[PDB]
């Protein structure tokens, strides 16, 4: 699909799917235990563009095995916590030939990443 994928997951939550056309980022708690994600951040680096930062609410739990999808404002999704969050101030996650989406925890450490790169 022109994009190759590379992923690192060091804790319970993975960056499971990144839409190539910038509509959403999808996280999955791939473990059997709930994950507190209060004040976690998704950081999206597209090529040489300015960095995009989405902050989770000060309290947020991704339950065991469950998924949360963060939608860009332009996708037209329905805001419905905790499975579907809309990023109302940002129109797209961004496109290009190198899309890097990192999950950062509350103390500033990168705990998961998914990178898409096109030939």
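Rigid core here is just the name for the largest C-alpha set that superposes within 1.5 Å across the two forms. Numbering follows the first chain given and starts at 1.
**Student:** Fitting on the rigid core only, I'd like to know which of the two stretches, 82-90 or 40-48, ends up farther away in Cα terms in 5 other deposited structures of this protein.
**Tutor:** With the rigid core fitted, 82-90 is the stretch that strays more in 5 other deposited structures of this protein.
**Student:** Could you check which stretch, 74-82 or 49-57, carries the larger mean CA temperature factor in the entry?
**Tutor:** Higher mean C-alpha B-factor in the PDB entry: 74-82.
**Student:** Based on the deposited C-alpha B factors for this chain, I'd like to know if residue 101 is in the lowest, middle or highest third.
**Tutor:** Bottom third by C-alpha B-factor.
**Student:** How does residue 26 rank on Cα B-factor within its chain, lowest, middle or highest third?
**Tutor:** Middle third by C-alpha B-factor.
**Student:** Place residue 41 in the lowest, middle or highest third of its chain's C-alpha B-factors, as listed in the PDB entry.
**Tutor:** Lowest third, going by the recorded CA B-factors of the chain.
**Student:** Hey, what third does residue 20 fall into on Cα B-factor, ranked over its chain?
**Tutor:** Highest third - that is where residue 20 ends up once the chain's C-alpha B-factors are sorted.
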